[PDB]
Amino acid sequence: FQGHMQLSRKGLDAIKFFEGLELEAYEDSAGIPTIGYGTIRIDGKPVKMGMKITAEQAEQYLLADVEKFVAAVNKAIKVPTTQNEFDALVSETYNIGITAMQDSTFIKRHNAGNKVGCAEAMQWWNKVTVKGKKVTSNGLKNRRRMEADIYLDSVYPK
C-alpha cells in the first residue's frame, strides 16, 4: 500500500498553531531569517530581512513547504491510516525531517498496527543539539504531546 492522502484543514491549522505567525521577517535563535508560519525559503529562494508578507502569502508558503513532507509520509505508511493519524505524522515529520521519520520507531509501530506504541515513540523526538550536546526542549515536549493527541484521539490544538 502507498498513500495518496492530503493534510486536512484541521491538520494545516495544527501546523500553523505549532509554528506561530509573523508577517515581518525575523532572525530565529539559530540566526536564520524566518517569516510567516516558520518559512525560511520562498519559491526556492531564502527569506530576507526587511520582508513583509500578508497572512494569505504566509498560508501559500506553508502549503508549498509541507508538500514534500505529505509526499514522504504517504510513501512511508504501509497500512490504512485515519485522517488524524496522517495529520499527526505529517506535523511531526515537518519538524523532525524526512530521514528521521523514515528510520523512526514510531513509523515502524504505526505500520505494525501498534497505535499506542506509535504515540509513545512519537514523543521520543524532544531533543535539540545545543553547543554539541543533546538538550531536552520543553517546547518540543509540548508539541509532541499535542501531536500524540491528534494521532490517538483526533483532538487538535486550540
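Numbers follow the displayed sequence, beginning with 1.
If you average the C-alpha B-factors over 22-30 and over 103-111, the higher value belongs to 103-111. With 130-138 and 13-21 compared on mean CA B-factor from the PDB entry, the stretch scoring higher is 130-138. Per the deposited record, the Cα B-factor of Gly50 falls in the middle third when ranked against the other modelled residues of its chain. Per the deposited record, the Cα B-factor of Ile35 falls in the lowest third when ranked against the other modelled residues of its chain.
Ranked by C-alpha B-factor against the other modelled residues of its chain, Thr82 falls in the middle third. In this PDB entry, the Cα temperature factor of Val73 sits in the middle third of its chain's modelled residues. The entry lists a Cα temperature factor for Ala58 that places it in the lowest third of the chain's modelled residues.
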